[PDB]
Structure formats: C-alpha cells, structure tokens
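Chemist: here is my input, please return the structure:
(4 chains)
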Amino acid sequence: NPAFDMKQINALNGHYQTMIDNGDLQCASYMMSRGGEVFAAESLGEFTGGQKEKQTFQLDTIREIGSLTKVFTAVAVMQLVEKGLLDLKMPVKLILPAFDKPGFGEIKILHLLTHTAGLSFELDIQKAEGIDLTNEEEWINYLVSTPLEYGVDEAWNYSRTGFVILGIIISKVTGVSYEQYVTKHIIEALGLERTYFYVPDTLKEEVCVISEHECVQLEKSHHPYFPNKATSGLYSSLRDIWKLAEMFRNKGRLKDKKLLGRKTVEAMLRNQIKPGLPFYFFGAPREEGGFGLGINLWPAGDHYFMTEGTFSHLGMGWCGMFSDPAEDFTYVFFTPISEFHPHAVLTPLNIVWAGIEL
Amino acid sequence: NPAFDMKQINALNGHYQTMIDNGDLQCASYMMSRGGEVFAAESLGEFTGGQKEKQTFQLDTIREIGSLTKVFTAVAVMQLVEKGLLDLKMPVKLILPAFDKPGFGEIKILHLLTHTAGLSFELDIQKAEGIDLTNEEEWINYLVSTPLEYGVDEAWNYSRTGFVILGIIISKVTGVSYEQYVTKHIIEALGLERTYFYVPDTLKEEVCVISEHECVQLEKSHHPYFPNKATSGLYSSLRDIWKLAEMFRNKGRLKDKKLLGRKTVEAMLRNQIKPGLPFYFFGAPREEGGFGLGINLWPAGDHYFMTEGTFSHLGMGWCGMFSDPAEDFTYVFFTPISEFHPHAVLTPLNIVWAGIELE
Amino acid sequence: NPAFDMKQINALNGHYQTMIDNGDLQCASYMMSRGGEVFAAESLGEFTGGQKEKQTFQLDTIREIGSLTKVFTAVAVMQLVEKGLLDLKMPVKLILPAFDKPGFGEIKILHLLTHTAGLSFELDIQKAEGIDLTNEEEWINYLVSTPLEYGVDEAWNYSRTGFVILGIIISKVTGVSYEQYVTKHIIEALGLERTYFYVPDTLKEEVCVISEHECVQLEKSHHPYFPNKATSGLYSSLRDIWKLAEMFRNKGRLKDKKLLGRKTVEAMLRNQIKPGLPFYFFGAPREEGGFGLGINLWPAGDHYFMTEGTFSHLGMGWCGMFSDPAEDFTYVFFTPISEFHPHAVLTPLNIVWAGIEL
Amino acid sequence: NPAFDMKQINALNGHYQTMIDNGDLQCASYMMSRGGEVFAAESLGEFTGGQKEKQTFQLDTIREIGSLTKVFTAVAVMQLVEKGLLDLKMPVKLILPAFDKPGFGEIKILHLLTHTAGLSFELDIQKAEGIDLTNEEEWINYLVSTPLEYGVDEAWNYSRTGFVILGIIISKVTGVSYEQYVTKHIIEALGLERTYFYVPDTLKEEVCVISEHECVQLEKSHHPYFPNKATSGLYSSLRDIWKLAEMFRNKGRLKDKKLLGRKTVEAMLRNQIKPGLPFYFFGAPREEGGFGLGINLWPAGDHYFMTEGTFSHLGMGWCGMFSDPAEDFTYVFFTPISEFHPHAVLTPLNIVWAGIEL
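Modeler: Numbering: from 1, shown residues only, chains lettered A, B, ... in the order given. Coordinates below:
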C-alpha cells in the first residue's frame, strides 16, 4: 500500500536507538507518509531537563520547534500577499519608517524571506544595556543602529533578525499581534491540535525538555530578547509539523482546509536565490543550493537520496520536516540534542529514502 | 467551471475600491477568463478630466492604452515578416538610408523590437525647435543627430523611439500610413469593436479621462511630436485588449479570425534577449527577465504567482494585459492614475493568480 | 358574534385610505380575528416598484416581512431547546469557537434572543470590502474582529446581527441550512402556504414591491451580506402571519398542528429583560418595556388599549402582528412605506382595540 | 455545436406553417436542445377561442398540457417512495380503505402508475349526477361502485381514473392537497416559470385557448368532474416542459436542483410491463411498447428515428415531450388542435430526428 521496504523501518529504529543507548541524545521520534497516509511512526527513549525524573518520549509529545517557526512566519507573509496587503518588492521602510536611512532603505520584504537582506545571523544582545529588546520600538531602534554585514543580494546569510522583522511587518499590517495572527490564520485554520506559542500550564510538564535552559524558556511567557516569536519559539508535535508539510506538498490544501492558493505555494517552492551568491550559516561557508520563500530546497538531489524538488526546513533542537513531491512522501522528526550531530539529524534521511519503492 | 476561488474576486474588488475610497485613483476595471471564457469582470469608480461632471466607469468605457499600443506595432511588423516584405535581421539602414552611418548602421529590426538597439528611453525635443517632428524625414534626421546611449546588444533599455521607427518602417514597405495598416490588418481583422487611433466625435464623451491633458489629447487628431502613433496613442476597451491577449494565447487566431501563424507567435513569445545583458527602465536598473518580439515575458516565475511563460505588456495610463498559457488564463485591467504606483498596477496580479485552482 | 363594533372598521378603512390618498403610502392591508375566527380583513390601494404598471394590493399578496423573520428564528431556537440540542444558557463559543475571546466569550444564546448580547444594531462592514460576507466562516471571523458596543446584560439594544448568529447556531446544531430547518419545521409544519425564503419565479410578478431596492432583492437567490436569512428576508402573507400569531396565542398549536409545548410558549411570552436596563433602537433611546424570547411584550397596557399581556412584533417595511390573549384577539397588517410613521404603523391599533366589545 | 443539420429546422418550420396555412391547426411551437443547450425554438401562428382578435402564439405562451400532467403526478409518487412513505407494492386499500373489496383489493400502486390496474379509460359521468365528483370521498365510493374492465396485470389500458387515485394517495400520505404538494415540491423545486394548476387572473388573457370549452375550463376554480388535477389540468410552457424532460434525462437533476435520485429515475425509465400483455387506448387496440413508472418508452426504435430508450409522454391538446438519452437530445412541442392528427403531433418527430448528426 505505501510501497516502502519495511526493513528500512527496522534500520531507522535501530539507528536512533543505538545513539540513544550510547548517550548521544536522549530521545527521538519520526512520522512518515505516502500519499498523505502515515504508514510508520515511532517515538524512542525518554527525556528530562535535569531535575525531574525521566518520562517517556511519546508520539504526541509537545516540543519546541526552534527555527521551524520561520516557516509559519513565511506562510503568514504569503497569506498577506494573497490579500494584497503586502508585496514582496515593498521596501521594509514603507511599513517600518525607521528603515528609511542609508543601507536599510534598500532592504525589501523579499530579502528578509530569502536571507539576502545583508543582515547578520543575530543582533548582539551584549551591547543592549538599557534597551528593552522586547519593545518593538526599542528593538527596531537598536537594529538600525547596528551596521549591516552585507548589502542586499550579495550573499545568502541565514539570519534570525530577518524573521523578527517579518513578524513586526505582519503585526503592523494586520493590527493584531504576530502571535495572534499565526494562531488564528495558520494554527487554528490548519486544525493543529498541539501547537502553541505559549503552552498552557496544564500541559507544561508533558513538554519535552533536555536542558535546564529549555525548562526556563518553557515557563517564560515571553521571548527574552525579541518583540515577537516569528524567528523561533513555537511548540508543536510530529503530527502538526506533518500537517504543515502536507499542506505544502498539496500546494496549499490539507483535506478541506485551504491555507494558500496553489500558484502561491509554487512560488514559495521555487528557487529565489540569484545564481552564484555565496552562502553562509553562522559565519561559516555553506554549500549553495536552492532556497524558496522561507522554505529550503536543499538538501535534495546531488549525492542525497531525496529527489530534486524535495523541500524542507530544519530547526535547532533539533527537528526537521522533509517532503518529496515526486514521491508523494513526507518525513518529519524530533531529535532533541544539545549540539548538531549529522549522524542523528541528517544521516537518517538516507535510511528513509532508501526504503522508497515504486 | 473556471476553477477559481471566488473569494479572491471579493479581495480584488475590495483592493481597488479601497484605493478609490482613499483618493489614490479615480476608477478601475478588469476582465478575467479561463479557457477563453470570461468569468469575472467589474468596473469601479467614476471619472472626470476636471471641468465636466463625473461619469460612471463602465466595462465598455473607452480608454487610452498608452504603450500597450507597442504590441499592435509588433504584430504588424511580424505580419510583414510572414508576407516576406521584412526580415528581422534587416539593417534598419536598408529601409531608412539615414541610418547608414557608424553606430546606427548596426541596428537591425530585431533590435528595435526587443529594445536592444541601444536607443535612449526617448528623444529630447527641447533642442528640436523649428523642426517638424511630425515629418518622417525631419524626425529621422533629428534622431540620427542624437547619440546612441548604448551599442547594439549591450543592454535591454525600454525605448519609446524604437517603436516609432518600426511604425515608419511599416509605413515605408506597405505604402500606407502606419495607422491605416494597423486599422485594417489588426483592429478590423480581429474584429475589435471599441478600438481607434482617433475616437470618433460621437463616442468622445464616454472616453475615460482623468486630467485635462488627457482631455486635450483626446481632441487632437495627430500625435504632437511623432510622425506616427506606433509607440503609443491607441484608445481601446477591456474586451478588445482581452481579445488581443487571447489571440496570442491561441497562437495567432481568435475563433475564425487569424492574425498570425502559430510558428510566428511561438517565435514572438520566445525570449529573444542574449543572456547576462543588463536591463534598464527610465534611466534606472531593472530586474532581468525574458522579452519576446515586442511582448514582455516578465513578470513571471521568480517570487511572482504568474507561471513562467506568462506573457504581458503594461502601458502608461495605466493598464495591462497578462496571459498565462499554462493556466489558459488571461487578466486585463484599466487603472487610470496620475503616476505609476505598484500597489495599483502590479499588486492586484498577486490577488488574481492566488485564486487560480486546479483545472 | 365577534363582539366588535363595526363602526371601527369603517374608521380603520378610512384611516388607511386617507394616507393612501395623500401619498403617505401606496397600499395597506390587515386581518383581524376573535377566537381564532377572522371577521374583518381588507386590502387597500396599489403598488409598483417604480417600473411596471400599478398592481392592486390583495389580501393574499406576498410581501417581505423584514424583521418579523426574527420570530420564525426564535421559534426554531426554542424547538431545538425542547429537543435538548440547545440550552439558552449555552455560551455561543461552545457552538462557534471563534467566539472564545474577550467579550464575545460572555455571550449566551439567551443574550442573542433578547437583544442583550451587546452587539451593535448592524455589523460595521467598513472593513469588510474584500471579504465575502455571504460565506459563513468568513462572516463569523469578520464579526468577531469587530467591536462589541456593550457588555452583556448592559442594555437592550436591538441588533440585526444577533439573529444572524442564531441562524448559524441553528444550522450547526441540526446539520442542515437555517432556511431548510425553518422551511420544514415551521413553514411546512404550520401549513403556511404563501411563505418563502426565496419566492418562486411563478409567484414573483405579483409580490408587493414599492421601490427599486425591493425589486432587486426580490430577484436575489442569496442574502447580499449575510450567510443566512435568519434576521430578515422572509416573504409572506397576511393569513400566514396571522397563523403564526395564533399559534403563539394558543400556546404552541394551531388546531391539530403543534409547533411548541405550552410551557415553552409561556416562557417565550414572559419578560426576560433584567430590570433597569436602558433600551436603544437604532441609536436612539426607546421606552422600556417587557421583551420575551424573541417576541415583544410592548406596547401593552399603560395608555395603550391593548391589554397587558399583548405580544407583538413589528417589522421594517412595515408590517406587524399583535395578539391580545385576554381578548382572544389578533391583528396583523402590512403598511408598505419608505420610512417609519406612527400614524400608519401604530395609531391604527388604537382604532382596532377601541372596537373590542365583551 | 449542437451537431444538427439546420435544413431540418427549415423543413420543420415549413411543415407546421403549412398546416396553419391550410387551417388544420391555429398555431404551433417547439423547443429542442442537445446536451442541455437549446439551439432551436420557434412559435408559429395565432390563437382564439373564436372570440377576441387573434393573439400571437409565443414561446412563453401558457397552454394546458392535458395528460402530460400525469408525469408530474408520477414524479410526486416516486418522491414519496424515496421518503419511505409509499411502496409501489402497497395495495391501494392500505391507503384508501374503500378499495378493501373484491377486485379493488388486488390493485397496487404499481398498477396505477403503469396502467395495468384493470381500470377502464374513465368513469362514465352520465351516471354520476347526484354525486359531488369534486368531493374526494364521494368520488372514491362512486369509483369502487362501478365494475373493473380487467383484473390487474391483464392488459395495458391507459386510464384517466388511475392517476386521479394516485393524486388522492399523495394527498393522504402528505397531509396537503395534491396540487399543493406538486406545486411546492416539483413545480417550484424545479424552478418552473409559467406552470400553474390555476392560472393567475392577471395571466389568463395570455393563455392559449382554441375553443369555448377551453375558456370555460380556464375560468374554473376546480376540476369539473374530479377531486384533483392529478390526471389532467396543468397549464405550462415550452421551457418548463423542456426542464421537466431534461430533469429525467439528467437522472433527477436540473443543474443544482434535485427532484429525484438517479437510481429512482433509472427505475422510472425501465419498462415495467409484463411481456406479451395486450395494449389498449380508448377501447381500440394499440401496438406493444415499453412503459415505465408513469413514463412512456414508445414510440422509439422500430421504424421511428428516435433511438431505442427514448422516453416521452403526449398530452391531449396536443403537446408532447420526447427525450433521447443516446443523443443527449430533447424535443418538446405544442400543437393546439381540435382533434388528434398524426401529421401534426407525431410526424414532425421524423423531421427533427432526421437532423441529428454525430
């Protein structure tokens, strides 16, 4: 029925479990579907932030998705483009007049969505004494006081800053908070049942945490140094991330629920980066590859088993969503882990795609 | 039937109506179709040139199309190629010997059609005192006395004057005026019912004008500073612009009326611009994009919702025609406005294409 | 036998005829009964919507009843209460979760039925360009993005939109359209023969219209800016209006046809408005008076001739139904007119009740 | 586009016009479609009951359809089967207990619908004075007082009486009059424009009448000698009859309007007559042919040009509706004429079907 070699499911489970048993990470989980029907899903190991005793990692365990939050922000931007309230060639200074100054004035909404605005990875919070970075006005003020690392369209440079700005733009043009907009128009519209910007207290002890830092961030009902959670801070679950990926694979629909027009999703999944731009991630060079409107088109093709056209996003944490339209195939996973390790984060995709049959 | 999310019609109507309520423009209208069948069309607002009473903007209201006229000019050139009277690789100097000089002697008809001849955006008429710019020889002579901004095939630089020259070329090889040729072999041949180089007096009152400059230009009957109306000067309607677009989408014919061969249209809709050429519009850089034989292939793809292969032309005024052969989908619109504003002219394209569903 | 002084009929007829002669209105009609038996009924004048030759106003002429439609909606809500599917103290958010937010979360079905939910007279649609207000989901979401005017139980404020919401609630709870429910369970069940949400083309040409606006809405197959016709939009006739009032007067039945239990109608005809509340209609203060479960209990008593306990509903148009249980007496009428005028709408009730004998 | 040889349209117009020229009938009209799209429709001649100046026969002229009314009755019966309220194998005596006697106790509803109940062509009215034939109970008791011509399932014998009984059955199970049920759940549910059991006074002068008997009938508020109009008595128009035929051809639907399920309509168009049964029409034998559930399946095939499976009904007057599902093709016509003549009523079908192309 799913045309999948289930020996690879055995390989996948043994792969995650071997790392869990050797202490490389505390727990892992995944969920995979063909033609929109989940045929394999598993949660392995257990978790603790360091104080309370262990608890079993479950298929429906809520976990922060970090950077994956940017994909929700991207959907929100594109919903506003569909309504004519935004256009991606708008300079940011038209919505946020503090950007009306040399350098920042050339930054357009498209640049933010594609990490080509010339912004650095993050804004240094050490020189942020006396500033309330949670206040929209004081955060924007400090931002435009910081020099840009590049001009526009000079490099792909993954930037947390860029998606905080998009959050502010969404809030400015809708007259509601960034979080309220995404909760109403994406979380509730897609029928996600375990996704929150702020987990209610009745569910905080069920949330997967693996460090005391994650414990503290779970109970803080705000972001410590941003005016919104548009670049990170959503909590979600395997099935909800799965639904998000399947909305994209079906070009904007999930059963009866329509989030975007199909022509809109096709634009979001098209490569938007000018050929020959250098790529960087946290100061280090990265191999170039396609990048959409807030969605990654790499890894795909080349030596990978994922077909060309596979779209994806990782999130530090770690977690990921991968959907291969050519195979109607979708894989989402949680691998909570202190530092990035490709054996846990990326190497399992080889195992999964090697099981796909005709 | 049209496989279109009609919620996007509400959004499109609200978008235009909001700009009309804010005073950003007087009126607007559009017409959209799938598989040759109009399924949504609307006219909003009212118009006046300033002195007369306001009049309701209608779907059949006649309106100047500005540089959309250039697409008629392009069709005419290609028809003459089908007849063997022209070839796109002809040096312009073969037809207009005044071009037989360094720089100008390198210009071919293909360059004019594709805005790669190196001509500036327009000819400065301030130095042209005492010259009858409506006379072909004096105008040509004055043009060739002014420096070329680029060499040929060095840059895409939208040029008003390039298409005035094509009109002259059309007139030369046919022995009729440019306006006569277009009126017989395109306007009437395609059965356009509300399209004119000169609106007859009986229909002038229902012509949308929003400035008395458009009022005085409507009372005219010859372009003030050109020997022809081949770069701009037509008046048309939504239905007639829609027909033109659909002629191209159906590869040269509209039901029983044929204007061009299918191989000719395929060539016209092919990108003709050498790769890596820089692009300029009105002295400022422009994003690179495909451009055909007088018909634009951009915006399309990239971050836009229009499918790659969507062909189009805008026009000052403003209006536009956009047709997506991949979706059998055409959108034509009028947004009469004082100056270009993307929120009125291009942003509505996002609303429209976002409503296209699977056929 | 009806114990009515028929000199009051000549006065009544003279009163309407005089207003017709002076161009105060095009036509008028009425029907009155004692003990369930009609003993006087007349139709006066002619009508045209402005285009066709004048047509004679008849006792069976179909005409829009406007907000008299709200009484049908009230009956339907109460039918669902008898079945256990609705409870008047249910919060709306229980049935329409978009209401689960400040202010809207306090609104109960009782508040909508009694015009005390704090909603404005009409939905502020200023921000509704670009939204399809006939789409039920869009309409709810737009509604809860617009300001409430009062808290709940702070004012009796006649609201068109309260009864649109009740239409939606009826439909959510029964799985059919609001109009389908009412057509089967009230119109057909009471044997109303000339009452329609959408007039058939075979009857359209003889419907009473008095303006171009009424001609246009007659040709409509959907309400222009509501997802249902629960607040306005029924077409009906004197005899059908009379039957509905008589059902209420007989505590839920009309001969052999039962629409409601007697205890249900007793609660509907009981005053439901918390004492001391201000009363507003269309922004102007209104005299306080009893109001039941979607049924008016004012005017009655005081200086009026209608006995205490008389229940009623007016309707823009205008039309009315008034029933006095103490005298077994019902009066329904159509007075089609451009604006309100107490002389045409309310003064005839003096003439009628002054004719009631023992 | 309709793939029709329009020379046959010219031949058809001339055929009717020649008969009008010669005085064989006063007027004629027709309407034909392919794939639901009308592509030719014409009305010819003028009409008078010998009275007024002649009036032009128009495409929208109302005209009695006589026994074509039986098809509305059959749709009504089948609607009630879909609701579980009737079963075609129910004996009539179950609903009308006066049938609980020898002979009449064996008649089932199925017999009535297929003219196999053994009833004569009609009740002899010369022996029905002293009986109110408009009274439902008097008429039934007179019917069961006369002898049956045959037993059940012995002969196909076209019977006016049978469809009057069906009308009474409809009214007994629904609780409304036959005319009210058919008006509300067929005429209006189909969106008919000019179809009435009783023509509004304002429309009477436009109605096509060709004799004084037809004017008398037009003025009568009741059927002269029947308790309902279920066997005859409907007034209709070309487009309405075409809609009726197209509903059958589309298996119960007319665009977004549904009168019957597709399985129900399939059963209605199946031949229901036992093979080898003799056929009789007004005492004179007739050739065998299929007959459905109140729908004729003859003429079709044999020496006719209508494809086998063409379903149809004629109406005294004369009028007819013919629909050939193999060609997606519908023809309806009016030929008001004093007496049946095949050259006017049936022969034109040859002209029409001769024009159908691939």
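Chemist: which residue does the stretch 51-200 of chain A have closest to chain C?
Modeler: Closest to chain C within the stretch 51-200 of chain A is residue A:83: 6.9 Å, counting by CB to the nearest CB. The C-beta positions use only the backbone N, C-alpha and C, and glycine is treated the same way.
Chemist: so that residue makes contact with residue B:351?
Modeler: Yes - using CB atoms under 8 Å, residue A:83 is in contact with residue B:351, at 7.0 Å.
Chemist: which residues do the two both contact?
Modeler: Common contact partners of residue A:83 and residue B:351 (CB atoms under 8 Å, 6 or more residues apart in numbering or on different chains): residue B:11.
Chemist: more neighbours, those two?
Modeler: residue B:351 (25 against 21; other CB atoms under 10 Å in any protein chain shown).
Chemist: looks to me like that one is in a helix.
Modeler: Yes - Residue B:351 forms part of a helix when assessed by DSSP: H, G, I helix; E, B strand; the rest coil.
Chemist: does it touch residue A:84 like I think?
Modeler: Yes - applying CB under 8 Å, one finds residue B:351 in contact with residue A:84, separated by 4.8 Å.
Chemist: so, in contact with chain C or not, stretch A:255-269?
Modeler: No - residues of stretch A:255-269 are not located near chain C by CB under 8 Å from any CB of the partner chain, the shortest gap being 10.8 Å.
Chemist: what's the end-to-end length of that stretch?
Modeler: Across stretch A:255-269, the terminal residues are separated by 20 Å (CA to CA, to the nearest Å).
Chemist: that stretch close to chain B?
Modeler: Yes - Stretch A:255-269 lies within reach of chain B by CB under 8 Å from any CB, at A:258, A:260-264, A:266-267.
Chemist: distance between that stretch and the chain's centre?
Modeler: Chain-centre distance of stretch A:255-269: 18 Å, with CA atoms, centre = their mean, to the nearest Å.
Chemist: list the contacts for the residue of the stretch 51-200 of chain A closest to chain C?
Modeler: B:11, B:351, C:130.
Chemist: hmm, try it at 6 Å
Modeler: Counting by CB atoms under 6 Å, 6 or more residues apart in numbering or on different chains, residue A:83 makes contact with residue B:11.
Chemist: from the residues of stretch A:255-269 next to chain B, which are also near chain D?
Modeler: Applying CB under 6 Å from any CB of the partner chain, the subset of those adjacent to chain D is empty.
Chemist: chain D: which of these is nearest?
Modeler: residue A:258 (21.9 Å).
Chemist: who does the closest one bridge with?
Modeler: Bridge pairing for residue A:258 (DSSP bridges) gives the partners residue A:253.
Chemist: what's the answer for residue A:44, then?
Modeler: Applying DSSP bridges, one finds that residue A:44 bridges with residue A:28.
Chemist: that one: what's it in contact with?
Modeler: Counting by CB under 6 Å, 6+ apart, residue A:44 touches A:16-17, A:20, A:28.
Chemist: farthest pair in these?
Modeler: Greatest spatial distance among the contacts of residue A:44 (CB to CB): A:17 and A:28, at 8.2 Å.
Chemist: ramachandran coordinates for the residue in chain A that chain D sits nearest to?
Modeler: Residue nearest to chain D within chain A: residue A:256 (19.9 Å; CB to the nearest CB). The phi/psi pair for residue A:256 (degrees, to the nearest 10) reads phi -90, psi 0.
Chemist: now it: how far from chain B?
Modeler: Distance from residue A:256 to chain B, counting by CB to the nearest CB, to the nearest Å: 14 Å.
Chemist: what's the answer for residue A:110, then?
Modeler: Distance from residue A:110 to chain B, by CB to the nearest CB: 6 Å.
Chemist: also residue A:273?
Modeler: In this view, residue A:273 and chain B are 11 Å apart by CB to the nearest CB.
Chemist: not counting sequence-adjacent ones, nearest residue to that residue?
Modeler: In this structure, residue A:273 finds its nearest non-sequential neighbour in residue A:291, 5.1 Å apart by CB to CB, 6 or more residues apart in numbering or on different chains.
Chemist: check contacts around that neighbour.
Modeler: Counted by CB under 6 Å, 6+ apart, residue A:291 has contacts A:114, A:273, A:297.
Chemist: separation between the second one and chain C?
Modeler: This points to residue A:273. According to CB to the nearest CB, residue A:273 stands 33 Å off from chain C.
Chemist: how about the contacts made by the residue nearest to the spatial centre of chain A?
Modeler: What sits nearest the mean C-alpha location of chain A, by CA atoms, centre = their mean, is residue A:68, with 1.3 Å. Residue A:68 makes contacts with A:313, A:315, as judged by CB under 6 Å, 6+ apart.
Chemist: just give the nearest non-adjacent residue to residue A:191, would you?
Modeler: Closest to residue A:191 by CB to CB, 6+ apart is residue A:257, at 6.2 Å.
Chemist: could you do residue A:193 as well?
Modeler: Using CB to CB, 6+ apart and skipping the chain neighbours, the partner closest in space to residue A:193 is residue A:240 (6.9 Å).
Chemist: one step back: quick check: bridge partners of the residue nearest to residue A:273?
Modeler: Under DSSP bridges, the beta-bridge partners of residue A:291 are residue A:296.
Chemist: look up how far chain B lies from it.
Modeler: Using CB to the nearest CB, one gets 12 Å for the distance from residue A:291 to chain B.
Chemist: tell me the residues of the stretch 201-350 of chain A that contact chain B?
Modeler: Residues of the stretch 201-350 of chain A found near chain B (CB under 6 Å from any CB) are A:261, A:263-264, A:267, A:272.
Chemist: give me that answer again for 8 Å
Modeler: Neighbours of chain B within the stretch 201-350 of chain A, by CB under 8 Å from any CB: A:258, A:260-264, A:266-267, A:270, A:272, A:293.
Chemist: pretty sure residue A:251 sits against residue A:267.
Modeler: No - in this structure, residue A:251 is not within contact of residue A:267 by CB under 8 Å, at 10.5 Å.
Chemist: mind listing what the closest residue in space to residue A:48 that isn't next to it in sequence touches?
Modeler: Nearest residue to residue A:48, sequence neighbours excluded (CB to CB, 6+ apart): residue A:54, at 5.0 Å. Taking CB under 8 Å, 6+ apart, we find residue A:54 in contact with A:46-48.
Chemist: likewise residue A:82?
Modeler: Residue A:82 touches A:260-261, A:264, B:8, B:11, B:350-351, B:354, counting by CB under 8 Å, 6+ apart.
Chemist: switch to 6 Å and redo it
Modeler: Contacts of residue A:82 (CB under 6 Å, 6+ apart): A:264, B:354.
Chemist: likewise the one 5 residues further on?
Modeler: Under the criterion of CB under 6 Å, 6+ apart, the neighbours of residue A:87 are residue B:347.
Chemist: apply 8 Å and report the result again.
Modeler: Residue A:87 is in contact with A:81, A:109, B:342-343, B:346-347, B:350, counting by CB under 8 Å, 6+ apart.
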